[PDB]
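Chains as they are written, first to last, in my numbering: chain A, 29 to 178; chain B, 688 to 815; chain C, 4 to 141. Even for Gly, the Cβ is constructed at its ideal location relative to N, Cα and C.
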Amino acid sequence: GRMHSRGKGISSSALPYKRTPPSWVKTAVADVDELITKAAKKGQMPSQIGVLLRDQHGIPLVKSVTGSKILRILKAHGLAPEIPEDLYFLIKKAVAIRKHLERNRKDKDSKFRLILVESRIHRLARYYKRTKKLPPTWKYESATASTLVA
Amino acid sequence: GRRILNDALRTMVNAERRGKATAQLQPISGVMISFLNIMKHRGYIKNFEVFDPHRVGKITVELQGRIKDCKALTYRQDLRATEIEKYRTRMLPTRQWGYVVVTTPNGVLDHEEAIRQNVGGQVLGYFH
Amino acid sequence: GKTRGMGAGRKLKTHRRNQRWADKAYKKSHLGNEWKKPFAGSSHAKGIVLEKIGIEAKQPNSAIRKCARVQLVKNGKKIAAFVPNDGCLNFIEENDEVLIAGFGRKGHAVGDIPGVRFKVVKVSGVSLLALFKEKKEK
RNA sequence: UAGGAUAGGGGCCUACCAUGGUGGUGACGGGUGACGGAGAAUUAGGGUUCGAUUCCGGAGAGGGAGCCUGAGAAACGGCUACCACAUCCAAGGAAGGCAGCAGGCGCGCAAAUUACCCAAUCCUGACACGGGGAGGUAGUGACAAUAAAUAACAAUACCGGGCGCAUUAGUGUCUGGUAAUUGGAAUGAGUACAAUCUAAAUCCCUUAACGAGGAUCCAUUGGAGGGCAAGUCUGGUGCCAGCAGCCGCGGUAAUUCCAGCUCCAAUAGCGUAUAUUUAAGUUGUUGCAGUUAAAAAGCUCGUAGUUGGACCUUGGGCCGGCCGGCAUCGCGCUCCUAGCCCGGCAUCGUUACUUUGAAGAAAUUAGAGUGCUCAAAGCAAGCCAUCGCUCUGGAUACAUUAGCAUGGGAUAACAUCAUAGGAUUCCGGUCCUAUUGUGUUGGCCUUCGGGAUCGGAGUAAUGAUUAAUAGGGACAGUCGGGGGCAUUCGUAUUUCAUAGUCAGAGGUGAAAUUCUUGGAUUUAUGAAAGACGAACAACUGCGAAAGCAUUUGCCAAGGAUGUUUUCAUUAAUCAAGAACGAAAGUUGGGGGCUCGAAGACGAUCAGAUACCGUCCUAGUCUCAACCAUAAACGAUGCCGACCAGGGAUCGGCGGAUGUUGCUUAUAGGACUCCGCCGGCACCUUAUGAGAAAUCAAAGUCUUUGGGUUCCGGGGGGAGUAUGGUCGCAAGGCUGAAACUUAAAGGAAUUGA
RNA sequence: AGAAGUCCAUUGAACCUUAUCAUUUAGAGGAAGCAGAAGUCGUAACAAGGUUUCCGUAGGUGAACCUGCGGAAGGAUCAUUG
RNA sequence: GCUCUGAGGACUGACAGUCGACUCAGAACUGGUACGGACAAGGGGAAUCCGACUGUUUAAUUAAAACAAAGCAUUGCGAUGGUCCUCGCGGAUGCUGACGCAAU
RNA sequence: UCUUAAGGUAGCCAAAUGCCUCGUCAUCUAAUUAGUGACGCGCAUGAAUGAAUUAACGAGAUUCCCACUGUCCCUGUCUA
Ligand SMILES: [Mg+2]
Ligand SMILES: [Mg+2]
Ligand SMILES: [Mg+2]
Ligand SMILES: [Mg+2]
Ligand SMILES: [Mg+2]
Ligand SMILES: [Mg+2]
Ligand SMILES: [Mg+2]
Ligand SMILES: [Mg+2]
Ligand SMILES: [Mg+2]
Ligand SMILES: [Mg+2]
Ligand SMILES: [Mg+2]
Ligand SMILES: [Mg+2]
Ligand SMILES: [Mg+2]
Ligand SMILES: [Mg+2]
Ligand SMILES: [Mg+2]
Ligand SMILES: [Mg+2]
Ligand SMILES: [Mg+2]
Ligand SMILES: [Mg+2]
Ligand SMILES: [Mg+2]
Ligand SMILES: [Mg+2]
Ligand SMILES: [Mg+2]
Ligand SMILES: [Mg+2]
Ligand SMILES: [Mg+2]
Ligand SMILES: [Mg+2]
Ligand SMILES: [Mg+2]
Ligand SMILES: [Mg+2]
Ligand SMILES: [Mg+2]
Ligand SMILES: [Mg+2]
Ligand SMILES: [Mg+2]
Ligand SMILES: [Mg+2]
Ligand SMILES: [Mg+2]
Ligand SMILES: [Mg+2]
Ligand SMILES: [Mg+2]
Ligand SMILES: [Mg+2]
Ligand SMILES: [Mg+2]
Ligand SMILES: [Mg+2]
Ligand SMILES: [Mg+2]
Ligand SMILES: [Mg+2]
Ligand SMILES: [Mg+2]
Ligand SMILES: [Mg+2]
Ligand SMILES: [Mg+2]
Ligand SMILES: [Mg+2]
Ligand SMILES: [Mg+2]
Ligand SMILES: [Mg+2]
Ligand SMILES: [Mg+2]
Ligand SMILES: [Mg+2]
Ligand SMILES: [Mg+2]
Ligand SMILES: [Mg+2]
Ligand SMILES: [Mg+2]
Ligand SMILES: [Mg+2]
Ligand SMILES: [Mg+2]
Ligand SMILES: [Mg+2]
Ligand SMILES: [Mg+2]
Ligand SMILES: [Mg+2]
Ligand SMILES: [Mg+2]
Ligand SMILES: [Mg+2]
Ligand SMILES: [Mg+2]
């Protein structure tokens, strides 16, 4: 179930059987790359870009239409995020918790949640250093992390 | 928390003990399929059918009510073709029926085929 | 449950090593204190009688169980030793050499007798059964 | 790094230089009643325990040390010194080393002769010849091991079952036996010639004459309540003496003691003690346990360790009787094996696993052959005319791990295609090395042979599995008594103040302490203070647990649901280490209504240091910091799968018309029905499990294996002592032993 | 050639002081556990055991114990739409 | 004592040149075993009692275990007040105000 | 059982506090009215008259031990 809770919910997505786009997706694979590229240069992350395509521009799945995953589309263009999206969003959260504590130091529940976040941050960075998505010297520093994000 | 071919074989025994007609095996694999071929050629299961929606994939097996038990030996030992005899006696109901499946570099097969071809290997399970 | 992984041999071997100390038979023969027992790991032992005593039997019974305090030659130990037959305490005197054996149950008290785990088996180099059976006189 | 020394490598040692080497995969240190192995006991398998000792390796010669000679020694049946022990002395000196063979003392539960000989096996020297306390032979020897006597056969029998008459009988069949009944046959234990034996002796094996009536040529050791085989025998004793591994026996009719008789078991053997093996699935890898019997850590995080989803053809077959040898859309070969243009080629990822072989000391284990008379053994021997010799044998196997070599390549590890710095048939240049044209020796170089770099054209299907009813992250609308900060409220209580009235009130089983005309209690209006948060409130919610219920706002967090978003194995569980942890308790402040350990009183009582009643201190409440424990409980760790039926309920979502005191209209909100997901539970039932109570998870267990952590091994002593460590303290964590004891305990039944 | 002697190095027994370690062993007095016995005081527990029992903590008392605070049912309640 | 060896620097144009006062390590030799050679300059250990410590004290017989002290606690006082001085007028604390003053 | 307002609690001890007293036991010694550790019917201990402890410190009182020495056995000699 959950890594850092006892919940065992199975809420998730279910991609269809058909790899190809539905018949009505009448876009061009070059044109959507512009849609992805513009969204990135606007600073949006891959998870939000896919939501945008699916919701306004009517693209069910990028891997169907283009044959490429979004992050690999960005990376070939030199727009891949320097800190991976998921690692960044955790680092944002741990920064948010620390700022809240620095006014509430008898919030012992919020101190508990903090420990869970860096445990999650460090496990993930262990992975990304192994696969060379982070520099082999990159280190999560509690203090100098609010500068990196937001 | 998954280690398959235990999930597959325990599903068949539980289906068999109740007396059901078919069993579904949600994660499948080449190892699991080769085990069912050995069971089937020896006559302990009917045919079975692979499901590809994409994924690990599903398989439905049709049971004929004449498998008594089928088990996995997780912690897969190495098995010279010389101590076949000692694993035979411990794990099988008698010296007449029952088979120990061993994975060997000439493929997955039962301990009887292993002696003829003079290969040892690593134990996967047994049925009888 | 049990650890079963193929590369878990170190965990399994260590665990039996820790847990064997919880078995009294193991710890009795592996802790070293058998050499601090009076016999110091011998089947019999020679001694010299200090006095003839006699000890009461435990509650359900009622008798005078006759013993002798003997002193062990090898280490100076003083123990109480049962003289096991009818009237056989008479054959035992004071300041006499005596051969002490185990009384049974391997250092644990035997029968109704409180605190005696040694039996006298020879006196003056004459078998004590032989004295009770007249075969050899002292 | 350079030396020195050694036979020689090396911090072996020296000078200078650097700062390394080992460690939870346990270094370092301690224990060993510890030389190592070959092996030994036990063994269904897996194991447990032993190994001083005759073979191999090592080490030592009373303890240390230093040496000479010599090819070889740090030699001790060589020396030198010291330490200890001791011998002789004519008193000045001298001579020492049995852990060699025998023997003595001592020590102990615990072990042989101060014997003969180089005949065998071998060794040694100048040697065919000398020597050998090596080694062999004999005395002692119930350590272990083997074979094997202590009678056999007959007829009489008072008799005893069948079987021939079975009736009515009677005897008679295998002799079953009291039978010192009777009769001769058999023979070695013994003793004795000889011969043999032997290095010489003795013993054995042969064998002249003696060698049996059952009292003798006599078999014993433990038992006879049960376990456990065998007495409801007789005399004695009287909870004595005794027996009894355990349970138990013995208090005047003892199946248990002491005896006689009879029987039982084993038998030339048997009992006792102690260590160990089995039994013991009570150490559990195979293969145990943890709701209540002993035992889930209060809870979560986390490093190491352990474990880890699926996916990449060897798939569809030709071929000859398990397999070669092959074609499909099988990356090369010059170089070795290389067929009559051709199989069957080596380096440009590593391993486990399996297959076969090598090479593996013997003795021991297994195992073939072989009639030592059998057997334990041994490695012999067997046929010939058991006649001048013939035929010989002296097999073979197992050997865990590590190392070497061979094929397989299922499974499982570690490493690694996306900056293309990738592969690739050719093309000259940066450049060196030179070979048949240097018959001699060479030595720079033209086409030419490879480094190696390297710019460009070239070719190709030009090169990134999927998206786990794994996990993370994003997003959407929600949900909650989850947390922190501030804040609004509510009665009650206590105190105060004001007013009224007047004899009691309070408390109790009954009272008393106590308050009271200085007006108690009661009644009424207002004020202060501090705690508390009724009813609603539940087989309901939230939280890792502890825990969390008045209002509102702010801050950060979370689960579930929804999703055709995104990453792509990132995970499970966890020694070491870390966060939180009710109540009480501790140190300081703040506050101090109520209640209230301690204390003080009134009752009760044999007493009452208690229950009951009165008064009250710390405390209760809060801020800062400690503490780290609870029946911290579901007495049930966490992750995963499967498995039975039902209605409730909580959160979300989806699907249905019909209804409202709503709603500018519908839509939504309240309610009814259906479905999915996720929660807290409940009910009914086994086809299940369990000792059961019970349990739909305590199920899918002798048909025993999904992963992983913690933990138990009869009851006490004892969570004690001691050492460590944490704390201000109280104490927490770690945590024995001596000794003691046959039960303690769990579930259920009948009674009382 | 070459002795006694002698010089400096090196190996180094051995003896002595201090220290440390480990194993035994004595001790006024204090204080635990066990067992025995035909003892004294009570009545704590097992029934609602006559104040339901028990767990943590704290205080108090001849002794078993009592009391406060929080917890548990292993309770004497599986139960209020009555 | 003597004779040496090495390290640690400056400036000037990984070098060359010149300069440089000071410290520390190491060796051989040497002596009638002397060498912090005069001077200067702790004796040490095991315990008991009192006072915690530093501080102070009976000038000229007592230096302490006495006094003080930090720490702890109690008491009075909200100014028209407390504690105190003054014959009176008046004054000290107070250029203060409870985290303060005053008394133990 | 008489009595008190309460009957000396936790602790401590022959203590700088104990008459008896050179208390009793142990230890230190050859020998200890001294010292230290215990014991406690405490003439006449005891809780801010503060009780019990206590590292560091002291020209504070006391006991012992090693070193040292003309303090002593036992005096002699030298300088101003
Ligand atoms: Mg799941
Ligand atoms: Mg986890
Ligand atoms: Mg046992
Ligand atoms: Mg060298
Ligand atoms: Mg030894
Ligand atoms: Mg020995
Ligand atoms: Mg000797
Ligand atoms: Mg030697
Ligand atoms: Mg020697
Ligand atoms: Mg000798
Ligand atoms: Mg000898
Ligand atoms: Mg007999
Ligand atoms: Mg008997
Ligand atoms: Mg019996
Ligand atoms: Mg019987
Ligand atoms: Mg017996
Ligand atoms: Mg009994
Ligand atoms: Mg009996
Ligand atoms: Mg008898
Ligand atoms: Mg068990
Ligand atoms: Mg239990
Ligand atoms: Mg639990
Ligand atoms: Mg890990
Ligand atoms: Mg290998
Ligand atoms: Mg998933
Ligand atoms: Mg969201
Ligand atoms: Mg009134
Ligand atoms: Mg609710
Ligand atoms: Mg309310
Ligand atoms: Mg009271
Ligand atoms: Mg606990
Ligand atoms: Mg528990
Ligand atoms: Mg499950
Ligand atoms: Mg719902
Ligand atoms: Mg539901
Ligand atoms: Mg046990
Ligand atoms: Mg136990
Ligand atoms: Mg219990
Ligand atoms: Mg019971
Ligand atoms: Mg009672
Ligand atoms: Mg009661
Ligand atoms: Mg009860
Ligand atoms: Mg009380
Ligand atoms: Mg120097
Ligand atoms: Mg002072
Ligand atoms: Mg003066
Ligand atoms: Mg003075
Ligand atoms: Mg003072
Ligand atoms: Mg004034
Ligand atoms: Mg007192
Ligand atoms: Mg006193
Ligand atoms: Mg003195
Ligand atoms: Mg004293
Ligand atoms: Mg007094
Ligand atoms: Mg007084
Ligand atoms: Mg006083
Ligand atoms: Mg002073």
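Original post:
Taking all protein chains shown into account, do 16 or more other C-beta atoms lie within 10 angstroms of the C-beta of C/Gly-50, making it buried, or fewer, making it exposed?
Top reply: buried
Original post:
Based on the DSSP secondary-structure assignment, which residues constitute the bridge partners of B/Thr-747?
Top reply: B/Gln-711, B/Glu-736
Original post:
Can you name the residues that DSSP bridges to C/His-47?
Top reply: Beta-bridge annotation (DSSP): C/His-47 is paired with C/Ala-104.
Subject >> B/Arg-690 and B/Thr-761 closer than 9 Å at C-beta >> reply: yes
**OP:** Count the CB pairs spanning the region 101-112 of chain A and the region 129-141 of chain A that are closer than 8 Å, and state whether there are at least three.
**Re:** Touching, no.
Original post:
Looking at B/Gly-752 and B/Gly-706, is the spacing between their C-beta atoms short of 9 Å?
Top reply: yes
Original post:
Do three or more CB pairs link the region 23-31 of chain C to the region 65-72 of chain C at distances below 8 Å?
Top reply: no
Original post:
Where does B/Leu-796 fall in DSSP's three states?
Top reply: strand
**OP:** Excluding the 5 residues preceding and the 5 following B/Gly-744 in the sequence, name in chain order all residues of the same chain whose CB lies nearer than 7 Å to its CB.
**Re:** Taken in chain order, the residues that qualify are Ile-715, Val-737, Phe-738.
Subject >> Beta carbon of A/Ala-122 nearer than 9 Å to that of A/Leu-142 >> reply: yes
**OP:** Kindly examine ligand 17 and report whether one of its heavy atoms sits closer than 8 Å to the Cβ of C/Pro-117.
**Re:** no
**OP:** Give the single residue among A/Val-53, A/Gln-84, A/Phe-117 whose Cα lies nearest to the Cα of A/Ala-67.
**Re:** A/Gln-84
Subject >> Residues that DSSP places opposite C/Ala-84 in a beta bridge >> reply: C/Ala-71, C/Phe-121
Original post:
Hey, out of C/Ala-60, C/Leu-75, C/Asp-115, whose CA is closest to C/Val-52's CA?
Top reply: C/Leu-75
Subject >> Residue range of the alpha helix (DSSP H) that includes A/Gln-76 >> reply: 74-83
Original post:
Does DSSP put C/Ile-58 in a helix, in a strand, or in coil?
Top reply: Of the three classes helix, strand and coil, the one that applies to C/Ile-58 here is strand, per DSSP.
**OP:** Look up C/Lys-31 in the DSSP assignment and say whether it is helix, strand or coil.
**Re:** helix
Original post:
Sorted by chain position, which residues of the same chain lie with C-beta nearer than 6 Å to A/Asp-137's C-beta, five sequence neighbours on each side aside?
Top reply: Cβ within range, chain order: n/a, list empty.
Original post:
Mind checking A/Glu-169: buried by the 16 CB within 10 Å criterion, or exposed?
Top reply: Flag for A/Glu-169 reads exposed.
**OP:** Have a look at A/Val-57 and A/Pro-74 and give me their C-alpha separation to the nearest angstrom.
**Re:** Approximately 17 Å, taken between the alpha carbons.
Original post:
Should A/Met-31 be listed as close to ligand 2, given that the test is whether its C-beta is under 8 Å from any heavy atom?
Top reply: yes
Subject >> Continuous alpha helix (DSSP H) stretch holding C/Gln-22: start and end >> reply: 12-22
**OP:** Report the three-state DSSP secondary structure of A/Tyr-155 (helix, strand or coil).
**Re:** helix
Original post:
When the Cα of A/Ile-111 is compared with those of A/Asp-59, A/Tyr-45, A/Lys-161, which residue comes out closest?
Top reply: A/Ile-111 has its Cα closest to that of A/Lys-161, out of A/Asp-59, A/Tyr-45, A/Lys-161.
**OP:** For my contact list, B/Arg-767 and B/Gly-807 are in at a C-beta cut-off of 8 Å; report their separation, rounded to the angstrom.
**Re:** Taking a contact as a CB-CB distance under 8 Å, the pair B/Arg-767 and B/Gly-807 counts as one, their CB atoms being some 4 Å apart.
**OP:** Tell me the start and end of each unbroken beta strand (DSSP E) in the region 751-798 of chain B that is at least 3 residues and wholly inside, in chain order.
**Re:** 757-759, 786-791, 794-797
**OP:** Classify B/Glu-770 as buried or exposed, calling it buried when 16 or more other Cβ atoms lie within 10 Å of its own Cβ.
**Re:** exposed
Original post:
Between which two residues does the beta strand (DSSP E) harbouring B/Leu-811 extend?
Top reply: 808-814
**OP:** In angstroms with no decimal places, state the Cα-to-Cα distance between C/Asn-21 and B/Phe-814.
**Re:** 37 Å
Subject >> Residues sharing a beta bridge with C/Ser-130, DSSP >> reply: C/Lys-125
Original post:
What separation, rounded to the nearest whole angstrom, lies between the Cα atoms of B/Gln-804 and A/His-150?
Top reply: 51 Å
**OP:** Report the residue from B/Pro-792, B/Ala-801, B/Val-795, B/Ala-759 whose alpha carbon sits nearest the alpha carbon of B/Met-699.
**Re:** It is B/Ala-759.
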